[PDB]
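**Q** Dropping the structure in here first, questions after.
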Amino acid sequence: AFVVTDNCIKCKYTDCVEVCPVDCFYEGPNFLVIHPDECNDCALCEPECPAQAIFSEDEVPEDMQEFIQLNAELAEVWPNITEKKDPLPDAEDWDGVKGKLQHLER
Ligand code: SF4
Ligand code: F3S
C-alpha cells in the first residue's frame, strides 16, 4: 500500500487522484488517505503529488510511521474521491511546514 503522510495536510492538491487506476483515495476536510486493501502498489501517484507526501508503505520516514495506521482508519470513514479539485486556498504557504498533524480535521 502507498500512504499519504504529513505534508498533504493543509495543502490537499488532489493531483494524486487522477493517476489512480483503482480509485482508492478517500477525502477528508484538509487531507487525503489511501485505502490499504484497495491500492495495487502501482506507484503512479507518488511522482504526481506536489507536496511529495506519498510514500511506499515500506519507505515511510521513521518519524511519520503513525500515518500508516492513520490512512487505514480514516479510509474506513471518509468518502471516496475520484475527481481532481482545486488545492486548498492557502496550499503553498503550508507546503513544506512540518508537524501539520496537529491541524488534521476529521
Ligand atoms: S499506488 Fe496506485 S493503486 Fe495505490 S493509491 Fe497510488 S495510484 Fe492508487
Ligand atoms: S498533497 Fe494530498 S491530495 Fe494528493 S496530490 Fe498530494 S497526497
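Labeling convention for the C-alpha cells: chains A, B, ... as they appear, residues from 1 per chain, ligands from 1 in order of appearance.
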Can you pull out every residue with an atom within 9 Å of ligand 2? Use only C-alpha atoms and all ligand atoms and format it as JSON, numbers by chain.

**A** {"A": [3, 4, 5, 6, 7, 8, 9, 10, 11, 12, 13, 14, 15, 16, 17, 25, 27, 30, 31, 32, 33, 34, 45, 46, 48, 49, 50, 51, 52, 53, 54, 84, 87, 91, 95]}

**Q** Can you check which parts of chain A lie within 8 Å of ligand 1? Per residue, the shortest pair of atoms and distance in Å to one decimal, counting only C-alpha atoms and all ligand atoms, sorted by chain and number, as a tab-separated table.

**A**
residue	atom	partner	partner_atom_place_in_ligand_line	distance
A:1	CA	ligand 1	4 (Fe)	6.1
A:2	CA	ligand 1	1 (S)	5.1
A:3	CA	ligand 1	5 (S)	7.7
A:16	CA	ligand 1	7 (S)	7.0
A:17	CA	ligand 1	7 (S)	7.0
A:19	CA	ligand 1	7 (S)	5.5
A:20	CA	ligand 1	7 (S)	3.3
A:21	CA	ligand 1	8 (Fe)	5.8
A:22	CA	ligand 1	3 (S)	5.5
A:23	CA	ligand 1	8 (Fe)	6.2
A:24	CA	ligand 1	5 (S)	5.5
A:25	CA	ligand 1	5 (S)	6.2
A:34	CA	ligand 1	5 (S)	5.4
A:35	CA	ligand 1	5 (S)	7.3
A:36	CA	ligand 1	4 (Fe)	7.9
A:38	CA	ligand 1	3 (S)	6.8
A:39	CA	ligand 1	3 (S)	3.6
A:40	CA	ligand 1	3 (S)	4.5
A:41	CA	ligand 1	1 (S)	4.1
A:42	CA	ligand 1	2 (Fe)	4.0
A:43	CA	ligand 1	1 (S)	3.9
A:44	CA	ligand 1	7 (S)	4.8
A:45	CA	ligand 1	7 (S)	4.3
A:46	CA	ligand 1	6 (Fe)	6.7
A:56	CA	ligand 1	1 (S)	7.7

**Q** For the residues selected in the previous step, produce a file with N, CA and C atoms as a PDB file, in the first residue's frame.

**A**
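Okay, out.pdb is ready:
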ATOM      1  N   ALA A   1       0.805  -1.179   0.000  1.00  0.00           N
ATOM      2  CA  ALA A   1       0.000   0.000   0.000  1.00  0.00           C
ATOM      3  C   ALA A   1       0.861   1.261   0.000  1.00  0.00           C
ATOM      4  N   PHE A   2       0.411   2.316  -0.663  1.00  0.00           N
ATOM      5  CA  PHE A   2       1.102   3.581  -0.573  1.00  0.00           C
ATOM      6  C   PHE A   2       0.357   4.356   0.492  1.00  0.00           C
ATOM      7  N   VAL A   3       0.957   5.374   1.115  1.00  0.00           N
ATOM      8  CA  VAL A   3       0.435   6.028   2.325  1.00  0.00           C
ATOM      9  C   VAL A   3       0.613   7.526   2.159  1.00  0.00           C
ATOM     10  N   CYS A  16      -3.025  13.628  -7.128  1.00  0.00           N
ATOM     11  CA  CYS A  16      -2.826  12.221  -6.952  1.00  0.00           C
ATOM     12  C   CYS A  16      -3.964  11.348  -7.411  1.00  0.00           C
ATOM     13  N   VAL A  17      -5.218  11.834  -7.286  1.00  0.00           N
ATOM     14  CA  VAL A  17      -6.349  11.009  -7.651  1.00  0.00           C
ATOM     15  C   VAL A  17      -6.488  10.818  -9.147  1.00  0.00           C
ATOM     16  N   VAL A  19      -4.264   9.895 -11.408  1.00  0.00           N
ATOM     17  CA  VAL A  19      -3.480   8.814 -11.864  1.00  0.00           C
ATOM     18  C   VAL A  19      -3.867   7.515 -11.180  1.00  0.00           C
ATOM     19  N   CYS A  20      -4.675   7.433 -10.108  1.00  0.00           N
ATOM     20  CA  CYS A  20      -5.019   6.136  -9.543  1.00  0.00           C
ATOM     21  C   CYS A  20      -5.942   5.235 -10.409  1.00  0.00           C
ATOM     22  N   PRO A  21      -5.473   4.001 -10.747  1.00  0.00           N
ATOM     23  CA  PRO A  21      -6.303   3.085 -11.529  1.00  0.00           C
ATOM     24  C   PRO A  21      -7.443   2.489 -10.734  1.00  0.00           C
ATOM     25  N   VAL A  22      -7.310   2.291  -9.418  1.00  0.00           N
ATOM     26  CA  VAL A  22      -8.377   1.680  -8.617  1.00  0.00           C
ATOM     27  C   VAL A  22      -9.268   2.583  -7.755  1.00  0.00           C
ATOM     28  N   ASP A  23      -9.105   3.905  -7.895  1.00  0.00           N
ATOM     29  CA  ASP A  23      -9.824   4.928  -7.135  1.00  0.00           C
ATOM     30  C   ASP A  23      -9.826   4.659  -5.630  1.00  0.00           C
ATOM     31  N   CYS A  24      -8.627   4.498  -4.996  1.00  0.00           N
ATOM     32  CA  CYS A  24      -8.565   4.186  -3.579  1.00  0.00           C
ATOM     33  C   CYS A  24      -8.192   5.359  -2.695  1.00  0.00           C
ATOM     34  N   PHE A  25      -8.548   6.573  -3.089  1.00  0.00           N
ATOM     35  CA  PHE A  25      -8.306   7.751  -2.284  1.00  0.00           C
ATOM     36  C   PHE A  25      -9.592   8.169  -1.619  1.00  0.00           C
ATOM     37  N   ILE A  34      -5.086   6.883   1.554  1.00  0.00           N
ATOM     38  CA  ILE A  34      -5.133   5.781   0.617  1.00  0.00           C
ATOM     39  C   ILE A  34      -5.597   4.529   1.363  1.00  0.00           C
ATOM     40  N   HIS A  35      -6.624   3.907   0.800  1.00  0.00           N
ATOM     41  CA  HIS A  35      -7.172   2.690   1.384  1.00  0.00           C
ATOM     42  C   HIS A  35      -6.259   1.478   1.202  1.00  0.00           C
ATOM     43  N   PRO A  36      -5.677   0.915   2.243  1.00  0.00           N
ATOM     44  CA  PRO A  36      -4.550  -0.040   2.098  1.00  0.00           C
ATOM     45  C   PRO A  36      -4.838  -1.393   1.416  1.00  0.00           C
ATOM     46  N   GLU A  38      -7.295  -1.691  -0.942  1.00  0.00           N
ATOM     47  CA  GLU A  38      -7.552  -1.373  -2.361  1.00  0.00           C
ATOM     48  C   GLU A  38      -6.397  -1.030  -3.319  1.00  0.00           C
ATOM     49  N   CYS A  39      -5.398  -0.284  -2.856  1.00  0.00           N
ATOM     50  CA  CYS A  39      -4.200   0.076  -3.620  1.00  0.00           C
ATOM     51  C   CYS A  39      -3.389  -1.108  -4.221  1.00  0.00           C
ATOM     52  N   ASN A  40      -3.097  -1.205  -5.552  1.00  0.00           N
ATOM     53  CA  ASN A  40      -2.440  -2.434  -6.027  1.00  0.00           C
ATOM     54  C   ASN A  40      -0.873  -2.193  -6.124  1.00  0.00           C
ATOM     55  N   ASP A  41      -0.382  -1.223  -5.368  1.00  0.00           N
ATOM     56  CA  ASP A  41       1.023  -0.657  -5.306  1.00  0.00           C
ATOM     57  C   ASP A  41       1.528  -0.267  -6.686  1.00  0.00           C
ATOM     58  N   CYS A  42       0.746   0.405  -7.564  1.00  0.00           N
ATOM     59  CA  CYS A  42       1.259   0.748  -8.866  1.00  0.00           C
ATOM     60  C   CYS A  42       2.235   1.910  -8.821  1.00  0.00           C
ATOM     61  N   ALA A  43       2.366   2.593  -7.683  1.00  0.00           N
ATOM     62  CA  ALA A  43       3.264   3.741  -7.515  1.00  0.00           C
ATOM     63  C   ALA A  43       3.139   4.950  -8.470  1.00  0.00           C
ATOM     64  N   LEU A  44       2.069   5.000  -9.256  1.00  0.00           N
ATOM     65  CA  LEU A  44       1.817   6.082 -10.184  1.00  0.00           C
ATOM     66  C   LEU A  44       1.460   7.415  -9.536  1.00  0.00           C
ATOM     67  N   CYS A  45       0.910   7.358  -8.323  1.00  0.00           N
ATOM     68  CA  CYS A  45       0.551   8.568  -7.606  1.00  0.00           C
ATOM     69  C   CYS A  45       1.678   9.331  -6.950  1.00  0.00           C
ATOM     70  N   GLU A  46       2.775   8.698  -6.535  1.00  0.00           N
ATOM     71  CA  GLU A  46       3.796   9.439  -5.838  1.00  0.00           C
ATOM     72  C   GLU A  46       4.773  10.340  -6.594  1.00  0.00           C
ATOM     73  N   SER A  56       5.793   4.814  -0.383  1.00  0.00           N
ATOM     74  CA  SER A  56       5.571   3.379  -0.344  1.00  0.00           C
ATOM     75  C   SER A  56       5.532   3.023   1.118  1.00  0.00           C
TER      76      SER A  56
END

**Q** Run DSSP on the backbone and grab whatever in chain A lands in strand (DSSP E); send it over as a PyMOL selection string.

**A** chain A and resi 2-4+25-28+31-34+54-56

**Q** Store the residues picked out above in a file with C-alpha atoms, as a JSON list (two decimals), in the first residue's frame.

**A**
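Contents of selection.json, freshly written:
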[["chain", "number", "residue", "atom", "x", "y", "z"],
["A", 2, "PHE", "CA", 1.10, 3.58, -0.57],
["A", 3, "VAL", "CA", 0.44, 6.03, 2.32],
["A", 4, "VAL", "CA", -0.27, 9.86, 2.41],
["A", 25, "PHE", "CA", -8.31, 7.75, -2.28],
["A", 26, "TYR", "CA", -10.68, 8.90, 0.48],
["A", 27, "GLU", "CA", -11.31, 12.53, 1.21],
["A", 28, "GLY", "CA", -11.18, 14.50, 4.44],
["A", 31, "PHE", "CA", -6.18, 15.68, 3.95],
["A", 32, "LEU", "CA", -6.50, 12.60, 1.71],
["A", 33, "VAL", "CA", -5.78, 8.97, 2.66],
["A", 34, "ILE", "CA", -5.13, 5.78, 0.62],
["A", 54, "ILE", "CA", 3.06, 9.98, -0.79],
["A", 55, "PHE", "CA", 5.30, 7.07, 0.16],
["A", 56, "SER", "CA", 5.57, 3.38, -0.34]]

**Q** For the atom pair atom CA of residue 94 of chain A and atom CA of residue 47 of chain A, what is the interatomic distance in Å to one decimal place?

**A**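 According to the coordinates, atom CA of residue 94 of chain A and atom CA of residue 47 of chain A are separated by 19.3 Å.
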
**Q** Give me every alpha helix (DSSP H) residue in segment 32-97 of chain A, going by DSSP on the backbone, as a ChimeraX atom specification.

**A** /A:45-48,66-75,91-94

**Q** Please compute the atom CA of residue 101 of chain A-atom CA of residue 69 of chain A distance, one decimal, in Å.

**A**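 Between atom CA of residue 101 of chain A and atom CA of residue 69 of chain A the gap is 13.3 Å.
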